[PDB]
There are 2 protein chains.
Amino acid sequence: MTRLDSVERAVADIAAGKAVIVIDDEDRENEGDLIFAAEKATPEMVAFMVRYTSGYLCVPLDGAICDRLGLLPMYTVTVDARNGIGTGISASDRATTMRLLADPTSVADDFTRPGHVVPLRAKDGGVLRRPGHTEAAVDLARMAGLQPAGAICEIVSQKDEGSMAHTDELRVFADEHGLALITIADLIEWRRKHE
Amino acid sequence: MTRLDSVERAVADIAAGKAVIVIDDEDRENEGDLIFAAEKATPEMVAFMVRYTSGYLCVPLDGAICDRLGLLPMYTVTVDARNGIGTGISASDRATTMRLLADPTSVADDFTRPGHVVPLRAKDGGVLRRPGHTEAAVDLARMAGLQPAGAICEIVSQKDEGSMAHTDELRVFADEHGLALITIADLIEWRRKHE
Ligand SMILES: [K+]
Ligand SMILES: [K+]
């Protein structure tokens, strides 16, 4: 019964530098990721994400970016921007790191390791190949015509503080903050229907 | 001029399962870590930490725990509890992982890797050997008579959302939440004065 937004809305929102929320399907016990495109990371957007999520910020990336950066060739890998930051943990610093990761001119030496941002390598083919939030993030940036790099983190429950938000609460959060809530099931369906 | 709390207060608070805040010294531009003892991790305490910090939760550990667990022998290392959790990211899940890390009966196989908690290896000798927040955390648990394992994360600025809180704001946060704010400088001084 939970209302779900459309893939068209999600894609336009991502293109506009907005965030969306992504869950697996209509199951009422799904956790959900706040997702935006990494090139659209600003201090304000990352602050919002850190405020409402676990803070364990990840950056899904196309394999080609990973390979370009000498990361995650086909222990957890972490990175910070080498330049333009302080300690690497602030919303403004992680936003810089995220934009750098999405920047096709960046190279391996533009990052210090270890760091405070967690890159993840998306499977080629996106959600049609692996129905993960990692793949959903990259697919959405690609569909919005952006560089194939996203930023993801899971939304904390405000009702049950020990927990992560489930589908009904995620619906409320999305409505309150003017955001789209979509499922990977629907994104798969859309991608199948439109080549 | 910023009022600082005493090492005696910090240690009693840690013993009582409370959190404290630790900065380097009286410099007004220091960032500060919220710190509690890992065995004192509860869903409520980790929820508080996640709410007000970067969410990039770390667990300073004595070398002996690290060695016992096959972690960080003398890429970033991450762990989750194998048992008793869901996805590993909730406040309740990370609290379980933290308690397990502090539990002297746990072994390597009690953890799955990778995970969502970041262990850090404290230098033997604590802040007298390396004046880090990692060392401060372990020293405080030891001084409180607890297992040498802590939980740390940096407090986000509520005044300037892109930033981390500095000394004056940290003073306000500590006062508002009934917490001690101490410096590593004073902890070093205390430890030197009392063998
Ligand atoms: K937070
Ligand atoms: K948070």
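Quick note on labels: first sequence line is chain A, next is B, and so on, each numbered from 1. Any value given below was found using the heavy atoms of this structure, including those in side chains, with hydrogens, waters and symmetry copies removed.
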Review point. Which bit of B:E44 comes within less than 4.5 Å of chain A, counting heavy atoms only: side chain, backbone, both or neither?
Key: both

**Study point:** Whether over 12 other heavy atoms sit under 6.0 Å from A:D175 CG
**Key:** yes

Review point. Non-hydrogen atoms of chain A under 4.5 Å away: do they reach the side chain of B:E161, the backbone, both or neither?
Key: both

Review point. For A:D25, does the CG atom have more than 12 heavy-atom neighbours from other residues, nucleotides or ligands under 6.0 Å away?
Key: yes

Check your understanding: Do you know which of A:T53, A:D93, A:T87, A:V156 has the most heavy-atom pairs with chain B at a distance under 4.5 angstrom?
Key -> A:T87

Review point. Out of curiosity, does B:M143 fall in the hydrophobic cluster containing B:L128 (side-chain heavy atoms, cut-off under 4.5 Å, transitive links)?
Key: yes

**Study point:** Co-membership, hydrophobic cluster, residues A:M98 and A:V77, 4.5 Å side-chain
**Key:** yes

Check your understanding: Is it the case that one hydrophobic cluster holds both A:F36 and A:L140, taking links as side-chain heavy atoms less than 4.5 Å apart, direct or via other members?
Key -> yes

Check your understanding: In terms of ring plane angle, is the pair B:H116 and A:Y56 parallel, tilted or perpendicular, where the classes change at 30° and 60°?
Key -> perpendicular

Exercise for review: Look at atom CD of B:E8 and say whether more than 12 heavy atoms of other residues, nucleotides or ligands are closer to it than 6.0 Å.
Suggested key: yes

Point to revise | A:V117-A:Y52 co-clustered via ILVMFWY side chain contacts under 4.5 Å | key: yes

Review point. Mind checking whether B:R94 and A:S54 have side chains closer than 4.5 Å, heavy atoms only?
Key: yes

**Study point:** Hphob cluster co-occupancy, A:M49 + A:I182, side-chain heavy atoms under 4.5 angstrom
**Key:** yes

Point to revise | Residue pairs fulfilling salt bridge (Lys or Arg N to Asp or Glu O under 4.0 Å) with at least one residue in residues 46-73 of chain A, sequence neighbours excluded | key: A:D62-A:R142, A:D67-A:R121

Study note, to complete from the structure: Listed by number, the residues in residues 162-174 of chain B that come under 4.5 Å of chain A (heavy atom to heavy atom) are B:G162, B:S163, B:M164

Exercise for review: Give, for atom CD1 of A:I155 and atom CD1 of B:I89, the distance between the pair rounded to the nearest 0.5 Å.
Suggested key: 13.0 Å

Point to revise | Value rounded to 0.5 Å, distance of CD in B:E154 from OG in A:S90 | key: 9.5 Å

Point to revise | Among A:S92, A:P43, A:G55, A:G86, residue most engaged with chain B (heavy-atom pairs, under 4.5 Å) | key: A:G55

